[PDB]
Structure formats: structure tokens, C-alpha cells
Amino acid sequence: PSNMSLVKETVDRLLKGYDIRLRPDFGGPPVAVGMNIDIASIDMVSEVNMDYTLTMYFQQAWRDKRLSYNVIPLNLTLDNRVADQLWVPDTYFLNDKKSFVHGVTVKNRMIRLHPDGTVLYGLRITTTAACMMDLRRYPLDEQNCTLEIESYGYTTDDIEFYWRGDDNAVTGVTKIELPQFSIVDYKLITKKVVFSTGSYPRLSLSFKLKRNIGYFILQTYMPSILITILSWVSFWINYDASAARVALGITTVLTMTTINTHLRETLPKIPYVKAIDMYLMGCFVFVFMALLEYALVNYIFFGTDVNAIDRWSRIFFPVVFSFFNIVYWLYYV
Amino acid sequence: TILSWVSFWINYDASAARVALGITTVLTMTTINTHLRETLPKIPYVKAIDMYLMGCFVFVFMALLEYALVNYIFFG
Amino acid sequence: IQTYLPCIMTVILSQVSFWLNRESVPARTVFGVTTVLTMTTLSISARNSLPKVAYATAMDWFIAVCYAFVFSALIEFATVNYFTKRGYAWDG
Ligand SMILES: *[C@@H]1O[C@H](CO)[C@@H](O[C@@H]2O[C@H](CO)[C@@H](O[C@@H]3O[C@H](CO[C@H]4O[C@H](CO)[C@@H](O)[C@H](O)[C@@H]4O)[C@@H](O)[C@H](O[C@H]4O[C@H](CO)[C@@H](O)[C@H](O)[C@@H]4O)[C@@H]3O)[C@H](O)[C@H]2NC(C)=O)[C@H](O)[C@H]1NC(C)=O
Ligand SMILES: *[C@@H]1O[C@H](CO)[C@@H](O[C@@H]2O[C@H](CO)[C@@H](O[C@@H]3O[C@H](CO[C@H]4O[C@H](CO)[C@@H](O)[C@H](O)[C@@H]4O)[C@@H](O)[C@H](O[C@H]4O[C@H](CO)[C@@H](O)[C@H](O)[C@@H]4O)[C@@H]3O)[C@H](O)[C@H]2NC(C)=O)[C@H](O)[C@H]1NC(C)=O
Ligand SMILES: *[C@@H]1O[C@H](CO)[C@@H](O[C@@H]2O[C@H](CO)[C@@H](O[C@@H]3O[C@H](CO[C@H]4O[C@H](CO)[C@@H](O)[C@H](O)[C@@H]4O)[C@@H](O)[C@H](O[C@H]4O[C@H](CO)[C@@H](O)[C@H](O)[C@@H]4O)[C@@H]3O)[C@H](O)[C@H]2NC(C)=O)[C@H](O)[C@H]1NC(C)=O
Ligand SMILES: CCCCCCCC/C=C/CCCCCCCC(=O)O[C@@H](COC(=O)CCCCCCCCCCCCCCC)COP(=O)([O-])OCC[N+](C)(C)C
Ligand SMILES: CC(=O)[C@H]1CC[C@H]2[C@@H]3CC[C@H]4C[C@H](O)CC[C@]4(C)[C@H]3CC[C@]12C
Ligand SMILES: CC(=O)[C@H]1CC[C@H]2[C@@H]3CC[C@H]4C[C@H](O)CC[C@]4(C)[C@H]3CC[C@]12C
Ligand SMILES: CCCCCCCCCCCC
Ligand SMILES: CCCCCCCCCCCC
Ligand SMILES: CCCCCCCCCCCC
Ligand SMILES: CCCCCCCCCCCC
Ligand SMILES: CCCCCCCCCCCC
Ligand SMILES: CCCCCCCCCCCC
Ligand SMILES: CCCCCCCCCCCC
Ligand SMILES: CCCCCCCCCCCC
Ligand SMILES: CCCCCCCCCCCC
Ligand SMILES: CCCCCCCC
Ligand SMILES: CCCCCCCC
Ligand SMILES: CCCCCCCC
């Protein structure tokens, strides 16, 4: 128990007369605050809220002469509550919408004082960071979502940020398994953002997510392709069968527009036209033209050659649809 | 289920009519069942409402197969 | 009773069209189109329960096979109608 008393005396000395209101090297050079992330998971990448939920082990390391000790050789890992008695950088995520440090069992914090004065301060943070997504090529789109770590109150004359370990500062991104996304790349940037109050350091952790297209084949593309192929069946029914061909046509057209509306209602009310919208409207053109082809057939007959029109449609509709698919997929993939 | 039975008073030589009526009735039975079950949790057993909906589905499907049987006895 | 039974019932519905006379073009056509549309909406609804996983689940394969069955039932009716040499059906 003697070493316990020695460590108690050392920590009591460290916290005695400690001005939490004053940063390290106050009235001096900016304190270098290194950072390193451990991405626990990326979840809830939702375009309706234009955000993504990021769970991470956010570590910051900074020198502090006031927290330097030399009697004890080992590194003191203190109870997390001591973080309330220590100066910590006032970092924030500029695009954060709703964040929290995890609660159970205790506050998910780590404080580790090293003999040289280095403070390793870690948090387990779940942050719903805002990511404004460009859905013009959705679902065949790459989204560049960022986390903007910045010092709120301290300018570059009072604090500096750097990725501790350079490109090795952020880890665990590869092990992330998003349901409908693939994280093809991630990048770390150090900037100096200027506001009217001064110039502040900035760390930008940017993930370039790539959306997986397999699910959208199952739910979005294949049903509409099948409905178009079904609408092509009306060309194989003789022109006299008005009820059958008209029912086939209107059922296909209405189901197409219903599919488009149902899919677009889930997504946000973005004004521009997406890639899925482009494909759905293109196939709506095909099915509506099938219905209008029967309309032309009926008018031309009632109001040999009509069999010619029906036969030419019977082969040109799949060919033109296949060329539409060629152009669309070549442009977007 | 009541309007499924009006197919029986329709003329036998009205396939486009009776078939459409029975199809609409059975598909609506399926839609009602799914809409009711969506509100409830993913409960893995049949409830009383479930068993009544299933019985009425069996009845409307039987009416549709009654027209099928009449058509196959007359034509086929 | 939410996906598998509806899919089996719509497949058996599409297989009712085979017992209707070939001349009833509107009836078998509405049979096929309604079964196909029901299969489409069932496929769309089934995916809504689980996440947007890229791969296909066993439910997806069962739905795909049922979709192939109903689509082929309509294609079969179209083939029958192609060789339907007369419009008027049996009488007397
Ligand atoms: C209390 O805490 C301190 C600080 O962490 C510990 O001291 C450090 O222990 C680490 C062990 O991980 C040492 O790191 C190793 O240093 C080797 C020499 O590097 C020199 O040069 C670098 C240049 O930046 C200096 O930062 C460093 O201090 C040294 O002067 C490297 O060769 C090692 O590289 C690799 O090592 C293994 C594989 O061998 C890998 O697993 C590593 O990830 C790494 O890739 C490694 O970096 C470090 O030298 C120690 N001193 C420091 C940081 O000043 C104490 O041990 C700890 N005391 C306890 C726990 O009782
Ligand atoms: C936003 O985020 C900030 C983070 O900085 C939060 O601010 C901290 O909030 C916590 C919780 O409210 C504060 O913790 C409080 O510390 C007080 C001082 O503790 C010292 O002194 C006492 C004796 O006076 C010692 O016992 C202790 O060990 C320290 O040496 C305590 O007096 C407070 O006690 C209250 O809570 C306890 C919980 O067990 C009760 O039992 C008590 O009866 C009493 O109600 C409390 O522990 C902390 O000081 C705040 N600042 C910092 C820098 O951490 C904000 O709360 C959060 N939200 C908002 C809206 O700002
Ligand atoms: C997600 O999207 C964000 C957009 O916000 C991207 O972040 C930007 O990335 C770009 C490119 O990485 C940054 O732009 C510049 O990067 C340079 C990298 O070095 C190259 O260029 C220099 C100069 O041409 C070459 O000498 C060198 O060999 C490399 O080829 C930096 O060097 C740049 O900094 C310099 O220019 C600026 C502006 O002139 C000066 O202020 C600096 O002092 C310095 O002289 C510059 O940073 C850009 O900074 C990033 N942030 C933005 C735009 O806010 C992400 O990369 C992207 N991520 C993914 C995964 O897609
Ligand atoms: C360039 C490459 C582009 C690539 C795309 C390829 C596009 C090309 C595809 C074009 C469509 C193929 C039909 C072309 C011929 C139609 C005309 C015709 O009627 O011909 C004949 C019948 O027609 C047949 O022989 C039927 C063969 C096609 C049936 C395929 C069904 C399979 C469904 C699978 C779907 C499952 C969906 C799976 C999900 C994905 C006979 O015609 P006729 O009546 O006797 O008149 C001629 C006689 N006269 C000359 C005297 C007048
Ligand atoms: C002669 C002929 O082929 C007929 C066959 C089908 C007809 C179209 C149907 C839809 C109509 C909507 C509005 O009434 C405007 C005219 C409109 C586009 C029509 C133009 C003439 C068509 C093509
Ligand atoms: C002869 C006769 O009465 C006809 C009238 C209607 C027909 C049924 C329709 C549905 C079918 C689904 C599958 O094709 C398996 C067989 C299946 C149950 C058929 C059995 C024979 C029936 C009853
Ligand atoms: C601004 C983009 C408008 C796109 C309109 C739909 C295009 C469909 C083409 C169908 C070709 C047959
Ligand atoms: C964005 C301005 C309106 C663009 C309209 C394009 C319409 C093309 C439709 C072609 C279908 C035959
Ligand atoms: C709006 C009318 C659509 C008609 C489409 C006909 C396609 C084939 C044309 C062949 C002409 C001989
Ligand atoms: C798509 C435009 C078709 C124009 C056809 C003109 C028909 C004129 C009436 C005489 C034959 C029906
Ligand atoms: C019969 C051909 C129909 C269109 C085929 C789709 C082509 C997909 C290209 C994907 C990009 C590599
Ligand atoms: C990368 C995804 C490629 C999907 C291509 C689908 C092509 C369907 C063509 C249907 C033509 C009838
Ligand atoms: C497992 C419980 C069975 C659910 C379906 C009940 C159908 C019975 C009623 C049929 C009346 C003809
Ligand atoms: C909902 C997605 C269904 C995909 C299955 C495709 C079925 C192809 C039909 C083949 C008929 C011969
Ligand atoms: C291409 C869309 C499906 C068409 C199915 C009809 C096939 C008819 C075959 C009988 C003619 C030989
Ligand atoms: C488990 C009982 C099913 C009853 C089915 C009635 C005839 C289709
Ligand atoms: C109920 C189906 C079997 C009997 C049909 C009528 C006689 C072939
Ligand atoms: C567990 C019983 C399932 C019944 C499936 C319906 C067969 C026509």
C-alpha cells in the first residue's frame, strides 16, 4: 500500500493549484494536440436526414507541463472523473447534429498521464455527423462524407491539431461493414479555417463511401425491367383483344408510376432527377409507348399493314430497350 | 366475402367478368391480411383475426375455383 | 404466413389460368397480369422488413422462383393465344 500512498501524493500535487481555466503554455506557443481515431462502426447512413452515425474511439494526446511527474515510473491511468478536474481541448465537430459519449457502465472516458506530461484523453463518441449527399447518380453514386474536428474557442495562436501518426492516425475503417455501402477510400486533411473571430485549426476525416448496387437490382431495377418485358406481351396479342391489351397496358403503366412514387417518397424531396429516376422515367416511356402503340393499332384499324406495325414493334421494342440499357449502364457504371 | 358470392349469380359465360371479380376479391383479401399484420409486431403464430382472415380467404378462393370448375366442366 | 403463403397462393392463382379456356383472352390476361403485379408488390414488400443487404437472401430466391413461375404462366398463355386460330369459344 506504500506505492498507493506515493501515487496519491503525486496526483494530489498535480491537481493542487491547477487552473483548469488556463490552457497549457497559456500566454505562450500553441499547444500541439495530436489526434487518432478508431472507427468502431459506421451506421445509419441515411440520405433522408443527410447524415451518418459514426461511433469512434476519439483519442487526443497533448503535452502539459503542469501534469508532469517523475517519482513514479509507470503511466498513471486515472479514473475518468479526473477529466472533469483537468484542462482538455474544447474540440467539436462542426457538422455534428447529435452526439453523445456513451453512458454505461460509467462515462466512456480514459485519462492517462505520462511522466513527460503527455495526456492521453480518449472518448467513445457516437456522433450523427451531417453529410450533404449529391444523389444525382443515385444509387450509382460515391458519397464523400466528412467529420470536421475543430477547436471552438482557441485559435491557431493557442492550439494546433495534427493526426498523431500521420496516415496511421485513423484505423479500423477497413473492418467496417456497411450494409449498402463500400468504403473505397478515406483521407485525412489538416486545414486552418478562418472565421470572423480568428483562424482555427481543422482536421477533416473524409470517407468516400461507394454505394452497393446489388440491393437496388433486387428492389428497384429488376421489377421495372420485368414490368417492361410484361408490357411487351401486349404486342403478341391480336389487335381485336381490346380488353386484354388495354388492361395489360394500363396495369403496367400504373404500376410503373406507383413504383416510382413509392420509391421517391422514402427519399428526401430533392429537386433534381436521380439516376434511378432517369431509368424509371425511361422505362415509363417504353411502357406508355406500348400502350400508345396499341392505341395507334386500334385507330389505324377501325378509323396487313396493322400487322406490320404490330410485328415491327414486336422486335424493335426489346432492341431499343436493350440499347437504352446499354447507353444508361455505360454512362452510369 | 359477401361480394365474392355475387359471382355465383353471374352468367357462366362471363369469364372476363367472374374471373376479374374473384381475382379482385382474393387479392383484396390478401391486401387486408397484410395491412392488418403490418400494424402488429412480427409475431410468429396465427391469431384469431389471422384465422378469420384465412378462413374468409379460403372461402373467396373457393368461389374463384368454383368458377374455374364450371368453366372446365363446360368448355374442357 | 406473410411472405411464403402469399407467394405460394399467387403462384397457384397463376396456375388456375391453365384450366380456363384459351378463348377467354381477357380473363387469362387479367389473371397473368394481376399475378405478376402481386408478385412484384410482394417482392418489394418482403425486402422492407430486413436491411438493405447487397446479397440476396433465401426469401429472395424463393420470391424469384415464384416470379419466374407466374411470369412463365403468362408467357405460356401468350404462346397459347398465338396459336388460337379462332375467337369464338365452345357453345352448345
Ligand atoms: C508509458 O507510455 C510510454 C508512451 O507510450 C511508453 O513508452 C513507449 O513505448 C512504446 C511501445 O509501443 C515505444 O514505441 C516503440 O518505439 C520504438 C523506437 O521508436 C523511437 O522513435 C520514435 C520516433 O517517433 C519515438 O516516438 C519513440 O519514442 C522512440 O524514441 C519503435 O521502433 C517501435 O515501433 C513499432 O514497435 C512495435 C513493433 O516492434 C509496433 O507494435 C509499434 O506499433 C511500432 O510500429 C515503437 O514505436 C516508445 O519508444 C516508448 N517511448 C516513448 C513513446 O517515448 C512506456 O513503455 C509506458 N510505460 C509503461 C506502460 O509502463
Ligand atoms: C456538458 O458537458 C460538460 C462537460 O464538461 C458537463 O459539465 C460537467 O458536468 C459534470 C456532471 O454534472 C460535473 O461534475 C460535477 O462536479 C462537481 C465538482 O466535483 C469536484 O468537487 C467535488 C466536491 O465539491 C468532489 O466530490 C469531486 O470529486 C470533484 O473534486 C460535483 O460537485 C458535482 O456533484 C454533483 O453530481 C454528483 C454525481 O454523483 C452528485 O452526487 C452530487 O450531489 C452533485 O449533484 C458533479 O459531480 C462537472 O464538474 C462538469 N464540468 C466539467 C468540466 O466536467 C455538463 O454537465 C454538460 N451539460 C451541460 C448542459 O453543460
Ligand atoms: C472529400 O472531399 C474533400 C473536399 O472538401 C477533400 O478534401 C480536399 O482534398 C484536396 C485534395 O486532397 C485538398 O486540396 C489540396 O491537397 C493538396 C495535396 O497535395 C497535393 O498538391 C500539392 C500542390 O498541388 C502537391 O505539391 C502535392 O505533391 C500533392 O500532389 C494540398 O497540398 C493542398 O494544400 C495546399 O494548397 C492550399 C490551397 O491552395 C493551401 O492553402 C495550402 O497551404 C497548401 O499550399 C490542398 O489541401 C483540400 O485541401 C481538401 N479540403 C478541402 C477542399 O476542404 C477530400 O480529399 C475528399 N476525400 C475523399 C476520400 O474523397
Ligand atoms: C441487336 C441485339 C439487341 C440485344 C437485345 C435482343 C433483342 C432481340 C429480341 C427480339 C424479340 C424476339 C422476337 C423477334 C421476332 C418477332 C416477330 C415474330 O413474330 O417472329 C416469329 C415469332 O416470334 C418468335 O419466334 C418468338 C421468339 C421470341 C420469344 C421469346 C420469349 C422468351 C421470353 C423470355 C423473357 C424472360 C425475361 C427474363 C428476364 C430478363 C414469327 O412471326 P410471324 O407471325 O409468323 O410473321 C412473319 C411471317 N411473315 C413474314 C409472312 C409476315
Ligand atoms: C393517329 C394515332 O396514331 C393516334 C394513336 C394514339 C393517339 C394519341 C393518344 C394521346 C393523346 C393525348 C392528347 O389528346 C393529345 C394527343 C394524343 C397524344 C394522341 C395523338 C394521336 C394518336 C397517336
Ligand atoms: C378439374 C377441376 O375441377 C379444376 C377446376 C380448377 C382446378 C384447380 C386450380 C388450381 C390448381 C393449382 C395447381 O395447378 C395444382 C392444381 C389446381 C389446384 C387445380 C386442380 C383442378 C381444378 C380443380
Ligand atoms: C433532365 C433529365 C430529363 C430526363 C427525361 C427522361 C428521359 C427518358 C428517355 C427515354 C428514352 C426512350
Ligand atoms: C430540365 C428541363 C426539362 C427537360 C425535359 C426533357 C424531356 C425529354 C423527354 C423525352 C421522352 C421521349
Ligand atoms: C405513338 C405510336 C407508337 C407506334 C410505335 C410503332 C413502332 C414500330 C414502327 C414500325 C412502322 C412500320
Ligand atoms: C402517329 C401519327 C399517325 C398518323 C396516322 C394517320 C391516319 C389517318 C387516318 C386514315 C387511316 C386510319
Ligand atoms: C442484351 C443487352 C441488354 C443490356 C445489357 C446491360 C449492360 C450492362 C453493362 C454494365 C457496365 C459494365
Ligand atoms: C452493374 C449492374 C448491371 C445491371 C444490368 C442490367 C441489364 C438489364 C437488361 C435487360 C434487357 C432486356
Ligand atoms: C393453423 C391455423 C389454420 C389457419 C387457417 C384456418 C382455416 C379454416 C377455415 C376454413 C373454412 C372453409
Ligand atoms: C423481384 C425480382 C425477381 C427476379 C427474378 C427474375 C425472373 C425471370 C423470369 C424468367 C421467365 C422464364
Ligand atoms: C419478349 C416478351 C415476352 C413475349 C412472349 C411471347 C412469345 C410468343 C411465342 C409464340 C410465337 C412462336
Ligand atoms: C391448417 C388447416 C388448413 C385448412 C385449409 C382448408 C382448405 C384449403
Ligand atoms: C374437384 C376436382 C376434381 C373433380 C373435377 C370434376 C370431374 C373431372
Ligand atoms: C405449415 C403449413 C403451410 C401450408 C402451405 C400452403 C400449401 C397450399
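Following Swiss-Prot, chain A shows residues 30-332, 482-511, kept in their order.
How was it done? The header gives electron microscopy, 2.7 Å.
Quick reminder: no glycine exception, Cβ is built from N, Cα and C everywhere.
Going by what Swiss-Prot states, the histamine site holds A:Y121, A:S180, A:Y181, and the candidate of A:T82, A:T84, A:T226, A:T249 recorded there is A:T226. Among A:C174, A:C312, the one Swiss-Prot lists as the disulfide partner of A:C160 is A:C174. Binding of histamine is attributed in the record to A:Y121, A:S180, A:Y181, A:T226, and the widest Cα separation among these residues amounts to 16 Å. Excluding A:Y121, A:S180, A:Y181, A:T226 themselves, the residues of that chain whose CB lies within 8 A of the CB mean position for the histamine site are, in sequence, A:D119, A:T120, A:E179, A:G182, A:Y183, A:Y229. Sequence-distant contacts of A:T226 (histamine binding site), defined as residues of its own chain at least six apart whose C-beta falls under 8 angstroms from its C-beta, comprise A:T184. Between the C-alpha atoms of A:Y121 (histamine binding site) and A:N32 (N-linked glycosylation site), the distance comes to 38 Å.
Close to ligand 3, meaning a Cβ under 6 Å from one of its atoms, are these of the recorded positions A:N32, A:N104, A:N173, A:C174, A:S180: A:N173.
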